[PDB]
Amino acid sequence: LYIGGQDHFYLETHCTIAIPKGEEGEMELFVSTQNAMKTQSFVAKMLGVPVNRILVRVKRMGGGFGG
Amino acid sequence: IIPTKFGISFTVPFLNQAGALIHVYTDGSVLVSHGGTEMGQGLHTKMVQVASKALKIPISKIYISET
Ligand code: XAX
Ligand SMILES: O=C(O)c1ccccc1O
């Protein structure tokens, strides 16, 4: 038996705004994510910066469904 | 030659209260937030220095972003 995959098709696609603060590696991010913690960590690790420097903010998503 | 004595506290009793909020992220990086504002008197510097002593960690792991 086989079962095909599936696209999330959340009506709102992936989207991120990133605001660099110019001080000490600080950045503030608005993102359509269900996982602001991992967003924050993955950004920090990409930058070579401590996690305390990165702020992620999540108002709402136009769908997520795990995607 | 002239001396001074200056009384320390708000003269309205209820303003002598203070809040802090502390997060430790999973990289050990610590973010401190408290009710004070920085205006050049170096309050955050002092607050970083206090958090560092208290926790027994270098100042480099502590950060204050804003009020
Ligand atoms: N309208 C709407 N409903 C939705 C979601 C959505 O994006 N939009 N997604 C699902 C998913 S998919 Mo997942 O384990 O991250 S694979 S769990 C999960 C679930 C997460 O929401 P709680 O019920 O825990 O608060 O919401 C469901 N209902
Ligand atoms: O007593 C003070 O020094 C004081 C200072 C600022 C505001 C209210 C106050 O009572």
Side-chain angles (χ1 to χ4, degrees):
Chain A
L1 190 63
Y2 178 74
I3 170 167
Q6 208 181 2
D7 194 72
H8 296 95
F9 220 99
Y10 25 60
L11 255 294
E12 186 211 22
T13 55
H14 285 267
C15 175
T16 291
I17 307 164
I19 315 297
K21 298 300 195 217
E23 317 198 21
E24 290 271 353
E26 290 192 33
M27 199 177 289
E28 181 174 342
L29 290 86
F30 303 95
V31 343
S32 181
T33 179
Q34 301 164 233
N35 191 355
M37 180 200 124
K38 281 311 167 178
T39 308
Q40 182 193 18
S41 294
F42 284 16
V43 168
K45 190 190 204 284
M46 103 79 35
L47 296 163
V49 102
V51 172
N52 65 14
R53 301 310 206 267
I54 311 288
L55 179 34
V56 188
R57 296 171 70 170
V58 185
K59 181 81 174 178
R60 68 176 55 79
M61 284 157 270
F65 312 108
Chain B
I1 185 175
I2 233 139
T4 204
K5 145 167 143 301
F6 193 91
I8 309 298
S9 278
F10 283 93
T11 48
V12 179
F14 75 70
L15 291 173
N16 299 282
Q17 69 182 104
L21 178 70
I22 295 195
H23 305 318
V24 193
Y25 297 98
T26 63
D27 69 332
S29 75
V30 179
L31 178 72
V32 171
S33 174
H34 68 269
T37 64
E38 185 51 64
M39 57 189 101
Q41 84 276 44
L43 179 55
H44 295 327
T45 301
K46 291 177 151 162
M47 285 319 90
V48 163
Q49 286 184 86
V50 161
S52 178
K53 176 160 176 66
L55 293 169
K56 306 172 186 232
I57 66 185
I59 57 161
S60 77
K61 288 168 197 201
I62 302 151
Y63 191 73
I64 304 170
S65 180
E66 78 182 324
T67 313

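Side chains are part of it too, since the values below use all heavy atoms of this structure and drop only hydrogens, waters and symmetry mates. The sequence lines fix the lettering, A, B, ..., with proteins before strands; numbering per chain opens at 1.
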Is there a path of hydrophobic side-chain contacts, each under 4.5 Å between heavy atoms of I, L, V, M, F, W or Y residues, that connects [X] with [Y]?
X: A/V49; Y: B/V48; result: no
X: A/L55; Y: A/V43; result: no
X: B/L31; Y: B/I59; result: no

Hey, what do you get for [atom1] ([X]) to [atom2] ([Y]), rounding to the nearest 0.5 Å?
X: A/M27; Y: A/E24; atom1: CE; atom2: CD; answer: 13.5 Å
X: B/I64; Y: B/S33; atom1: CD1; atom2: OG; answer: 8.0 Å
X: B/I22; Y: B/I62; atom1: CD1; atom2: CD1; answer: 8.5 Å
X: B/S65; Y: A/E28; atom1: OG; atom2: CD; answer: 8.0 Å
X: A/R57; Y: A/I19; atom1: CZ; atom2: CD1; answer: 10.0 Å
X: A/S32; Y: A/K59; atom1: OG; atom2: NZ; answer: 14.0 Å

Indicate the atoms forming the closest heavy-atom contact of [X] with [Y], along with that distance.
X: A/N52; Y: B/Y63; value: ND2-CB, 3.3 Å
X: A/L29; Y: A/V31; value: CB-CG1, 3.8 Å
X: B/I57; Y: B/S52; value: O-OG, 2.6 Å
X: B/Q41; Y: B/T37; value: NE2-O, 3.2 Å
X: A/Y10; Y: A/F65; value: CA-CE1, 3.9 Å

Side-chain heavy atoms of B/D27 within contact of A/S41, under 4.5 Å: no
Contact check, side chains of A/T33 and A/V58, non-hydrogen atoms, under 4.5 Å: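 A side-chain contact under 4.5 Å exists here.
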Report the C-alpha distance between A/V51 and B/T26 in whole Å, list the side-chain angles of each, state the deciding distance to 0.1 Å, and finish with yes or no for side-chain contact (heavy atoms from CB on, under 4.5 Å). CA-CA 8 Å; A/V51 172; B/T26 63; over 6 Å; no
Test your reading of the model: is there a side-chain donor-acceptor pair from B/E38 to the backbone of B/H44, 3.5 Å cut-off?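 It does hold such a pair.
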With no hydrogens and no angle check, is any side-chain donor or acceptor of B/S29 less than 3.5 Å from a backbone partner on B/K61?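 No; judged by distance alone, with no hydrogens or angles, the pair does not exist.
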Parallel, tilted or perpendicular for B/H23 and B/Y25, by the 30°/60° rule?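 Perpendicular.
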Mark yes when over 12 heavy atoms from residues, nucleotides or ligands other than A/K21 sit less than 6.0 Å from its NZ; otherwise mark no. yes
With a cut-off of 6.0 Å (strictly less than), are more than 12 heavy atoms of other residues, nucleotides or ligands near CG of A/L11?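 No.
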A/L47 and A/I54: side-chain contact (heavy atoms from CB on, under 4.5 Å), yes or no, with the steps? CA-CA 10 Å; A/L47 296 163; A/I54 311 288; 3.7 Å; yes
